[PDB]
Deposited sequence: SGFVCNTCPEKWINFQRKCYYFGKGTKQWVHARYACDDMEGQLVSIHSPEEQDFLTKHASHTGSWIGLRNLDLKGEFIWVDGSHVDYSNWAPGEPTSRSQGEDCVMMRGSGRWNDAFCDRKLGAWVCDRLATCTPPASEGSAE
């Protein structure tokens, strides 16, 4: 059984999630996750998305998705499952390289220096 979570983290399947609060730019949230032995959340299934939507802040949260050159998760994994809001991401939005999750759970690309009140970390559950 792999459902062991560190204190303050919530289990879902083989992963642990941390629903962070506090005003952060994308890179500030990326390091807040790293310093807690986690990473900004990577989403790989509609079941995982549904669980996140249920615990997510109504005012928007940073997720581990970013445009490098192609959108890639901070942990290195490529996008299989996606939950972009209609029309997203837009090709012509130069500089809107980071991804936030709305209260609905749908994804929007955004300027990296935008300050959001929430961010979500993930890590593997222990046994």
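Visitor: In sequence order, name the stretches of the deposited sequence that have no C-alpha in these coordinates.
Guide: Seq positions lacking coordinates: 1-3, 73-75, 134-143.
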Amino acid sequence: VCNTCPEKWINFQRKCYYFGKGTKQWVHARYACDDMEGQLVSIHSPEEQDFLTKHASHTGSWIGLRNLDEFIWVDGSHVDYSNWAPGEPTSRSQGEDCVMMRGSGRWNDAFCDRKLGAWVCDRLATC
From here on, numbers count along this sequence of modelled residues.
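Visitor: Mean CA temperature factor from the deposited coordinates, higher in 116-124 or in 4-12?
Guide: Stretch with the greater average CA B-factor: 4-12.
Visitor: Compare the mean C-alpha B-factor of 77-85 with that of 24-32 as given in the PDB entry, and name the stretch with the higher value.
Guide: The entry gives the higher C-alpha B-factor average to 77-85.
Visitor: Maximum C-alpha temperature factor per the entry, among 90, 67, 39, 61, belongs to which one?
Guide: Of the candidates given, the C-alpha B-factor peaks at 90.
Visitor: In terms of the chain's CA B-factor thirds, is residue 52 lowest, middle or highest?
Guide: As the PDB entry reports it, the C-alpha B-factor of residue 52 lands in the middle third of its chain.
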